[PDB]
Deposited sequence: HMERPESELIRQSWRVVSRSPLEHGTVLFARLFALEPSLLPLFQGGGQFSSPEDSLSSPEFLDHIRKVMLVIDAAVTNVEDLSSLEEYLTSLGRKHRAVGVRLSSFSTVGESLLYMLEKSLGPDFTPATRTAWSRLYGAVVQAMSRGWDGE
């Protein structure tokens, strides 16, 4: 139940991001790995000593976010998918807490993409949308 003005804040900002999703995705992940560098070895080539490739995984992440934005007014049709996606991440050793770090990284990347256009309402909207995505994913840890 996000109302139209906030929905439109999200849709407009997402269009900006969507001009260059890999570029922006790399910003998100660079911040993520600064906060939680332990995540790196999950990716192909991310270890000092099969696994997803980094840029392909960014495309995937941006496609999930894209589906969330498409469904910003009501995420209900994505719930089963998201729960499944959470299960997948759990199974490979990604802690649920790391999704909070992703959220921080997402807000960072948006701030960088948008500057003053990243209004307080836009930030709050995105926090609520992403929070809802993570809520659905969390079913995967039995950890709602």
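Missing from the model relative to the deposited sequence is only the stretch 50 to 56 (no C-alpha coordinates, numbering from 1).
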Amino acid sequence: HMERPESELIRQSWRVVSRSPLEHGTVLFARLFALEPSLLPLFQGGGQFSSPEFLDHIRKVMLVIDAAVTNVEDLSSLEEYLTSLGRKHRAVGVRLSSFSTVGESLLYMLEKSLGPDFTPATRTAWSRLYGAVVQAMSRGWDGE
From here on, numbers count along this sequence of modelled residues.
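The mean Cα B-factor in the deposited entry runs higher for 82 to 90 than for the other of 97 to 105 and 82 to 90. If you average the C-alpha B-factors over 50 to 58 and over 32 to 40, the higher value belongs to 50 to 58. In this structure the maximum Cα B-factor among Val27, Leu75, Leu114, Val64 is found at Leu75.
In the deposited entry, the Cα temperature factor of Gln135 sits in the top third of values across the chain's modelled residues. Annotation for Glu8: CA B-factor lies in the lowest third of the chain's modelled residues.
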